[PDB]
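Reading through the structure tokens given below for one structure.
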Amino acid sequence: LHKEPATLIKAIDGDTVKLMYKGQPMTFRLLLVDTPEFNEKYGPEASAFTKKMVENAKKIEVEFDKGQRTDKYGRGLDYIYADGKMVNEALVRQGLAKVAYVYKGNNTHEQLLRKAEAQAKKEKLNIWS
Ligand SMILES: Cc1cn([C@H]2C[C@H](OP(=O)(O)O)[C@@H](COP(=O)(O)O)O2)c(=O)[nH]c1=O
Ligand SMILES: [Ca+2]
């Protein structure tokens, strides 16, 4: 897979962010994870976590996987990096997202994320508390 440039437009919630990509505004949904909705328990903490990560980043990158690049809503499906750190993984590692929505063909980082989830759960962090 390949990292490509993007710039933040605005944090939306734990697992959706608006970025400019190839010069066009696009809403991106993070591959392989599910954060709680803002209305749910840990939703506000997930939103805040993503928001801090993407806002503080000097460099945002997006990475498509091998499959569908957009979902049925027209959201981009990607891994997003903030100064080289994957948001999708970081959310999981901190118990603020579950590994989820694993579709065959767009699952390159599956086992990386599952490993993070196991550690978050060991530590009983947040969602796993
Ligand atoms: C993460 C992801 C979500 N989706 C779709 C499935 C879900 O459809 P439904 O809307 O019919 O439930 C929805 C979940 O996203 P959200 O968790 O943002 O709601 O997005 C994909 O199609 N591909 C993906 O890789
Ligand atoms: Ca969600």
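Residue numbering restarts at 1 for every chain of the structure tokens, chains are lettered A, B, ... in their displayed order, and ligands are numbered from 1 as they appear.
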
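When the distance limit is 8 Å and only C-alpha atoms are what count, the residues near stretch 13-21 of chain A, minus those fewer than 5 positions from it on the same chain, are residues 5, 6, 7, 8, 26, 27, 28, 29, 30, 33, 34, 35, 36, 37, 38, 43, 44, 46, 47, 48, 49, 50, 51 and 88 of chain A.
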
Inset, instruction - Please report, as an MDAnalysis selection string, each residue of stretch 42-95 of chain A to which DSSP assigns strand (DSSP E) when run on this structure's backbone. - result: chainID A and resid 60:63 76:82 85:86

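For the pair atom CA of residue A:101 and atom 1 (C, counted along the ligand's line) of ligand 1, the interatomic distance is 5.1 Å.
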
Legend entry - Atomic separation - atom CA of residue A:25 relative to atom CA of residue A:75, Å: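 Atom CA of residue A:25 lies 10.6 Å from atom CA of residue A:75.
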
Legend entry - Top pick for closest residue to ligand 1, considering A:118, A:11, A:99, A:90 and counting only C-alpha atoms and all ligand atoms: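 Selected residue with least distance to ligand 1: A:99.
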
Legend entry - Nearest-residue call for ligand 2, choices A:79, A:98, A:71, A:126, using only C-alpha atoms and all ligand atoms: A:98

Quick one: residues within 9 Å of residue A:68, only C-alpha atoms counted, chain neighbours fewer than 6 positions away excluded, as a compact mmCIF listing (two decimals) with C-alpha atoms, in the first residue's frame?
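Result written to part_8.txt:
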```txt
# COMPACT_ATOMS: atom_id res chain seq x y z
CA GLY A 76 -13.49 7.47 1.23
CA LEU A 77 -12.31 4.26 2.88
CA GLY A 105 -9.98 -7.27 -0.20
CA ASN A 106 -9.81 -4.18 2.03
```

Legend entry - Residue nearest ligand 1 - candidates A:115, A:66, A:85, A:122, atoms counted: only C-alpha atoms and all ligand atoms: A:66

Let's see if you can do this: from backbone DSSP, list all helix (DSSP H, G or I) residues in chain A, as an mmCIF file with N, CA and C atoms, in the first residue's frame.
```cif
data_model
loop_
_atom_site.group_PDB
_atom_site.id
_atom_site.type_symbol
_atom_site.label_atom_id
_atom_site.label_comp_id
_atom_site.auth_asym_id
_atom_site.auth_seq_id
_atom_site.Cartn_x
_atom_site.Cartn_y
_atom_site.Cartn_z
ATOM 1 N N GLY A 43 -18.019 7.777 23.115
ATOM 2 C CA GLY A 43 -18.091 8.515 21.869
ATOM 3 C C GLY A 43 -17.403 9.850 21.918
ATOM 4 N N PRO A 44 -17.724 10.669 22.919
ATOM 5 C CA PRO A 44 -17.023 11.935 23.067
ATOM 6 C C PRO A 44 -15.497 11.780 23.217
ATOM 7 N N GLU A 45 -15.038 10.797 23.995
ATOM 8 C CA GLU A 45 -13.591 10.534 24.179
ATOM 9 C C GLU A 45 -12.928 10.079 22.864
ATOM 10 N N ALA A 46 -13.647 9.293 22.070
ATOM 11 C CA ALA A 46 -13.127 8.851 20.725
ATOM 12 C C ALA A 46 -13.036 10.007 19.753
ATOM 13 N N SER A 47 -14.078 10.806 19.724
ATOM 14 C CA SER A 47 -14.083 12.023 18.913
ATOM 15 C C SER A 47 -12.949 12.941 19.255
ATOM 16 N N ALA A 48 -12.793 13.209 20.541
ATOM 17 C CA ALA A 48 -11.709 14.053 21.050
ATOM 18 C C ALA A 48 -10.334 13.514 20.754
ATOM 19 N N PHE A 49 -10.207 12.188 20.881
ATOM 20 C CA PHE A 49 -8.929 11.549 20.606
ATOM 21 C C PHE A 49 -8.528 11.723 19.119
ATOM 22 N N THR A 50 -9.433 11.383 18.207
ATOM 23 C CA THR A 50 -9.175 11.561 16.789
ATOM 24 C C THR A 50 -8.877 13.041 16.448
ATOM 25 N N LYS A 51 -9.715 13.918 16.990
ATOM 26 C CA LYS A 51 -9.624 15.364 16.787
ATOM 27 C C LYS A 51 -8.277 15.840 17.185
ATOM 28 N N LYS A 52 -7.820 15.468 18.363
ATOM 29 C CA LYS A 52 -6.481 15.894 18.816
ATOM 30 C C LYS A 52 -5.381 15.364 17.902
ATOM 31 N N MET A 53 -5.512 14.113 17.521
ATOM 32 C CA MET A 53 -4.506 13.481 16.723
ATOM 33 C C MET A 53 -4.414 14.169 15.373
ATOM 34 N N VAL A 54 -5.541 14.442 14.723
ATOM 35 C CA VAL A 54 -5.446 14.996 13.353
ATOM 36 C C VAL A 54 -5.128 16.499 13.363
ATOM 37 N N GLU A 55 -5.635 17.204 14.377
ATOM 38 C CA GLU A 55 -5.386 18.654 14.530
ATOM 39 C C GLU A 55 -3.930 18.965 14.879
ATOM 40 N N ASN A 56 -3.308 18.140 15.711
ATOM 41 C CA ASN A 56 -1.928 18.380 16.135
ATOM 42 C C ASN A 56 -0.923 17.907 15.091
ATOM 43 N N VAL A 87 -4.034 6.516 12.775
ATOM 44 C CA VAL A 87 -5.157 6.886 13.678
ATOM 45 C C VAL A 87 -5.936 5.601 13.969
ATOM 46 N N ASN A 88 -6.217 4.833 12.907
ATOM 47 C CA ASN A 88 -7.076 3.651 13.038
ATOM 48 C C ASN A 88 -6.432 2.783 14.175
ATOM 49 N N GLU A 89 -5.131 2.507 14.076
ATOM 50 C CA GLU A 89 -4.478 1.688 15.085
ATOM 51 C C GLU A 89 -4.494 2.327 16.476
ATOM 52 N N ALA A 90 -4.188 3.599 16.556
ATOM 53 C CA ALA A 90 -4.101 4.308 17.833
ATOM 54 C C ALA A 90 -5.420 4.267 18.586
ATOM 55 N N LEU A 91 -6.511 4.401 17.863
ATOM 56 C CA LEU A 91 -7.852 4.377 18.495
ATOM 57 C C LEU A 91 -8.080 3.005 19.107
ATOM 58 N N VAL A 92 -7.709 1.997 18.351
ATOM 59 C CA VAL A 92 -7.892 0.609 18.842
ATOM 60 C C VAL A 92 -7.007 0.353 20.051
ATOM 61 N N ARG A 93 -5.756 0.796 19.955
ATOM 62 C CA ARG A 93 -4.787 0.531 21.045
ATOM 63 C C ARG A 93 -5.226 1.184 22.357
ATOM 64 N N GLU A 110 -5.500 -5.637 9.039
ATOM 65 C CA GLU A 110 -6.316 -6.351 10.003
ATOM 66 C C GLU A 110 -5.529 -6.877 11.209
ATOM 67 N N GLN A 111 -4.471 -7.649 10.950
ATOM 68 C CA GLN A 111 -3.895 -8.311 12.092
ATOM 69 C C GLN A 111 -3.115 -7.289 12.979
ATOM 70 N N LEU A 112 -2.559 -6.244 12.411
ATOM 71 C CA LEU A 112 -1.957 -5.172 13.189
ATOM 72 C C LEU A 112 -2.984 -4.595 14.176
ATOM 73 N N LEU A 113 -4.171 -4.259 13.656
ATOM 74 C CA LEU A 113 -5.201 -3.725 14.499
ATOM 75 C C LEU A 113 -5.694 -4.728 15.537
ATOM 76 N N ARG A 114 -5.817 -5.986 15.178
ATOM 77 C CA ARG A 114 -6.277 -6.972 16.165
ATOM 78 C C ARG A 114 -5.277 -7.076 17.314
ATOM 79 N N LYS A 115 -3.978 -6.992 16.993
ATOM 80 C CA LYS A 115 -2.956 -7.057 18.018
ATOM 81 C C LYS A 115 -3.107 -5.878 18.968
ATOM 82 N N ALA A 116 -3.386 -4.713 18.415
ATOM 83 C CA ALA A 116 -3.599 -3.530 19.267
ATOM 84 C C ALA A 116 -4.825 -3.743 20.202
ATOM 85 N N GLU A 117 -5.896 -4.249 19.592
ATOM 86 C CA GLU A 117 -7.098 -4.497 20.366
ATOM 87 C C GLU A 117 -6.809 -5.452 21.559
ATOM 88 N N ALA A 118 -6.013 -6.490 21.311
ATOM 89 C CA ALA A 118 -5.739 -7.440 22.385
ATOM 90 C C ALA A 118 -5.023 -6.769 23.529
ATOM 91 N N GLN A 119 -4.103 -5.874 23.217
ATOM 92 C CA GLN A 119 -3.419 -5.153 24.284
ATOM 93 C C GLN A 119 -4.312 -4.160 25.035
ATOM 94 N N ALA A 120 -5.145 -3.390 24.309
ATOM 95 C CA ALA A 120 -6.108 -2.510 24.938
ATOM 96 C C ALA A 120 -6.994 -3.279 25.865
ATOM 97 N N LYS A 121 -7.438 -4.458 25.436
ATOM 98 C CA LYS A 121 -8.301 -5.256 26.264
ATOM 99 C C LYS A 121 -7.577 -5.801 27.495
ATOM 100 N N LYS A 122 -6.320 -6.225 27.314
ATOM 101 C CA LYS A 122 -5.508 -6.676 28.450
ATOM 102 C C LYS A 122 -5.438 -5.618 29.544
ATOM 103 N N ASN A 126 -10.579 1.902 28.661
ATOM 104 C CA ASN A 126 -11.765 2.511 28.137
ATOM 105 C C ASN A 126 -12.942 1.609 27.825
ATOM 106 N N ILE A 127 -13.239 1.409 26.545
ATOM 107 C CA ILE A 127 -14.258 0.446 26.137
ATOM 108 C C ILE A 127 -14.141 -0.959 26.830
ATOM 109 N N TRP A 128 -12.905 -1.383 27.133
ATOM 110 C CA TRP A 128 -12.697 -2.700 27.708
ATOM 111 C C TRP A 128 -12.601 -2.624 29.216
#
```

Legend entry - Counting only C-alpha atoms and all ligand atoms, the option among A:125, A:86, A:12, A:57 closest to ligand 2: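 Ranked by minimum distance to ligand 2, first place goes to A:12.
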
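Each of A:109, A:59, A:69, A:10 was checked against ligand 1 using only C-alpha atoms and all ligand atoms; the smallest atom-to-atom distance is that of A:69.
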